[PDB]
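A.B. asks: In order, the protein sequence lines correspond to chains B and A.
Each residue of the first sequence is one higher than the one before, starting from 1 at the first, in the deposited numbering.
Each residue of the second sequence is one higher than the one before, starting from 1 at the first, in the deposited numbering.
Protein chains: 2
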Amino acid sequence: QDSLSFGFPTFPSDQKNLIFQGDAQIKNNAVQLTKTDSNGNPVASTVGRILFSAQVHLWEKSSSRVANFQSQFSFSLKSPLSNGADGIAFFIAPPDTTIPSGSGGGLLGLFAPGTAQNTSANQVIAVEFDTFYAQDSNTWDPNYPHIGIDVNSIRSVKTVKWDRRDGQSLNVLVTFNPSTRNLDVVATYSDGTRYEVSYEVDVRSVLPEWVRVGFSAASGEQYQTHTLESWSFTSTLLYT
Amino acid sequence: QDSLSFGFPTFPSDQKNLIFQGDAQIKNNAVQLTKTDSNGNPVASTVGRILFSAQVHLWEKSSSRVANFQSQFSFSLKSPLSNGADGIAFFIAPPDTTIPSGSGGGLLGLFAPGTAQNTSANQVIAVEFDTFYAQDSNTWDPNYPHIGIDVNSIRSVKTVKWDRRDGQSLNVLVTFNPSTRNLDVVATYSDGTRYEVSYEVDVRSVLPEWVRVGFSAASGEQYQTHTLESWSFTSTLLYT
Ligand SMILES: CO[C@H]1O[C@H](CO)[C@@H](O)[C@H](O)[C@@H]1O[C@H]1O[C@H](CO)[C@@H](O)[C@H](O)[C@@H]1O
Ligand SMILES: CO[C@H]1O[C@H](CO)[C@@H](O)[C@H](O)[C@@H]1O[C@H]1O[C@H](CO)[C@@H](O)[C@H](O)[C@@H]1O
Ligand SMILES: [Ca+2]
Ligand SMILES: [Ca+2]
Ligand SMILES: [Mn+2]
Ligand SMILES: [Mn+2]
């Protein structure tokens, strides 16, 4: 289909079109990307992702068309620790994408350690909300919580300072305009605090024509819950 | 998802979210539901159906919601004969639905011979465009070409006289309003010739909460191509 869209105002446990990977599972009408104990408390060493089952037609070689897509979603992180980790990410990858071996912790369940920074070894575009930046383990991160745009590497091609607010929902709008090739990210907290980051990227050179969209999150030694509360997505092929 | 929509202005051969059953396949950016030979002519004894991969949330028992859906599509029928058979049908059925054994010909690939008219043995709502009505083989049909609304039976609960035009595309709009429970069908040829048929049906008592939508076509001894040219679909769960 040239156009596809779906909306999850909430996530009832009765799901049919979501591909759950790792520890990801539905709880309290929300997606708990990372594992939590019987008390709903976050635990260490956990990775989880969800993908919408239907493949998205990102671009079409034959018609020279590229998709105009928008992904609106909200999530919240919670942790009794002063340094909750590791972060959540909205990502776009090949349809057969699975959790890479050893992709936990700072790699957000998106990259394998050996090629995490090899842009030629990956095919993924992701908007990460990174809360752990310990300069000894996450050597690639700026020294502070941030929102980053990842293109075939865990080393964001771009980051903007971000504030982590325990238990507060962040509303995020990620849009891609094929005309300008601008990938825009706008995130806001309920008090009006706003964060914006944009990047020009030709998705045609990074991802295959058909892809799957979803979220990923992980916790290494430090942990926190990564709760996806809602998600709406829409894409439509346009001439360029 | 509470809401889902997809649109196929045409049907390129590189499909990822379509379940093809029987003889259905893509040809010339269109879906040929029934089998055709090398030179593109319709053949006898052929059944074919397609279903969108993503399951549709037709209704939700917990929230007492029923989806409002709209299915817009166009098709054309071509046949060297002028007794082309048997017709095409838009249908909604449980997710695991498959072509019933012996559902060819007048059964449109939707029902099994032994239960074709047993309403309690089926789970399917279809909008058929029936071109073959020989009373000896299709004993359940009115004696003329017709558009029918099928609810768990090949014997339409409601029909309207229809005109088969060889090679001409029929534009169809199928809508279900959960508020009034009316399933409305509007079909028009490019020249404005219009056909309407509607029926009140509580989809909750007929279909499970999650379903799959698609098309089915078949030709018995009489044949014709059943060419699905375009299809857009959208459903949104609503409170009433
Ligand atoms: C101390 O470093 C680990 O934890 C931090 C914070 O969670 C991560 O950012 C970092 O990637 C490290 O996690 C790795 O090591 C963990 C312990 O072996 C393991 O559980 C993780 O999956 C990851 O490999
Ligand atoms: C006896 O009529 C056959 O053809 C008409 C017109 O195509 C159908 O409406 C009717 O169902 C009959 O088709 C059946 O028999 C065919 C030959 O045995 C078979 O190919 C069909 O699948 C169907 O069973
Ligand atoms: Ca990090
Ligand atoms: Ca018939
Ligand atoms: Mn980072
Ligand atoms: Mn009929």
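Just so you know, even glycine gets a beta-carbon here, dropped at the ideal spot from N, CA and C.
Determine which residues of the segment 39-56 of chain B have a Cβ less than 7 Å from any Cβ of chain A, and write them out in chain order.
C.D. replies: Cβ contacts with chain A: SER53, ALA54, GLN55.
A.B. asks: Could you tell me whether the segment 220-235 of chain B touches the segment 6-14 of chain A, where touching means 3 or more Cβ pairs closer than 8 Å?
C.D. replies: Not touching, per the Cβ criterion.
A.B. asks: Given a cut-off of 7 Å, decide if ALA112/B and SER120/B are closer than it, judged by their beta-carbon atoms.
C.D. replies: The answer is no: Cβ separation not under 7 Å.
A.B. asks: Pairing CB atoms from the segment 164-172 of chain A with CB atoms from the segment 202-209 of chain A, are three or more of them under 8 Å?
C.D. replies: No, the segment 164-172 of chain A does not touch the segment 202-209 of chain A.
A.B. asks: What are the boundary residues of the beta strand (DSSP E) that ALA121/A is part of?
C.D. replies: Taken as a continuous stretch (DSSP letters only), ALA121/A belongs to no beta strand (DSSP E), as it is neither H nor E.
A.B. asks: Where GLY148/B and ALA24/B are concerned, what is the direct C-alpha to C-alpha distance, given to the nearest angstrom?
C.D. replies: The straight-line gap from Cα to Cα measures roughly 22 Å.
A.B. asks: Measuring only the C-alpha atoms, how far is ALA187/A from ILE50/A?
C.D. replies: Their Cα atoms are separated by approximately 21 Å.
A.B. asks: Tell me the rounded alpha-carbon separation between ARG164/B and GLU200/B.
C.D. replies: Computed Cα separation, rounded: 26 Å.
A.B. asks: With 7 Å as the threshold, decide whether the Cβ of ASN17/A is near any Cβ in chain B.
C.D. replies: So yes, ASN17/A belongs to the interface.
A.B. asks: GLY7/A versus chain B: which residues are under 7 Å apart at the beta carbon?
C.D. replies: Under the 7 Å cutoff, chain B gives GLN1, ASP2, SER3.
A.B. asks: Please name the residue in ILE125/B, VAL160/B, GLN123/B whose C-alpha comes closest to that of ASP141/B.
C.D. replies: For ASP141/B, the nearest C-alpha among the options comes from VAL160/B.
A.B. asks: Taking 8 Å as the cut-off, does the segment 180-198 of chain A touch the segment 35-47 of chain A (at least 3 CB pairs, one atom from each stretch)?
C.D. replies: No, the segment 35-47 of chain A does not touch the segment 180-198 of chain A.
A.B. asks: Using a threshold of 6 Å, is the CB atom of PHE233/A nearer than that to any non-hydrogen atom of ligand 4?
C.D. replies: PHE233/A: no, Cβ never under 6 Å from ligand 4.
A.B. asks: Is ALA116/A closer than 7 Å to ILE88/A when the C-beta atoms are compared?
C.D. replies: Against a cut-off of 7 Å, the Cβ pair of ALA116/A and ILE88/A comes out as no contact.
A.B. asks: Drop a sphere of 10 angstroms on the beta-carbon of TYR133/B, count the other beta-carbons inside from all chains shown, and report buried for 16 or more, exposed for fewer.
C.D. replies: Counting Cβ neighbours within 10 Å, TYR133/B comes out buried, since at least 16 surround it.
A.B. asks: Closer than 7 Å between beta carbons: that is the criterion. Which residues of the segment 207-235 of chain B meet it against chain A?
C.D. replies: Cβ contacts with chain A: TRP210.
A.B. asks: Would you say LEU107/B and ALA126/B are within 7 Å of each other, going by their C-beta atoms?
C.D. replies: Not a contact, by the Cβ cut-off of 7 Å.
A.B. asks: Nearest to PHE176/A by CA position, among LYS35/A, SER63/A, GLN70/A, is which residue?
C.D. replies: Nearest option by C-alpha distance: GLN70/A.
A.B. asks: Could you tell me the alpha carbon to alpha carbon distance between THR234/A and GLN135/B, rounded to whole angstroms?
C.D. replies: Computed Cα separation, rounded: 48 Å.
A.B. asks: Can you tell me whether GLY48/A is buried or exposed, with buried defined as 16 or more other CB within 10 angstroms of its CB?
C.D. replies: Burial call: buried.
A.B. asks: Could you tell me which uninterrupted alpha helix (DSSP H) segments, each at least 4 residues in length, are contained entirely in the segment 182-212 of chain A, listed from first to last along the chain?
C.D. replies: If we require 4 residues or more, the segment 182-212 of chain A turns out to have no alpha helix (DSSP H) run fully inside it.
A.B. asks: Any heavy atom of ligand 2 inside 6 Å of the beta-carbon of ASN138/A?
C.D. replies: Because some heavy atom of ligand 2 lies under 6 Å away, the Cβ of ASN138/A counts as near it: yes.
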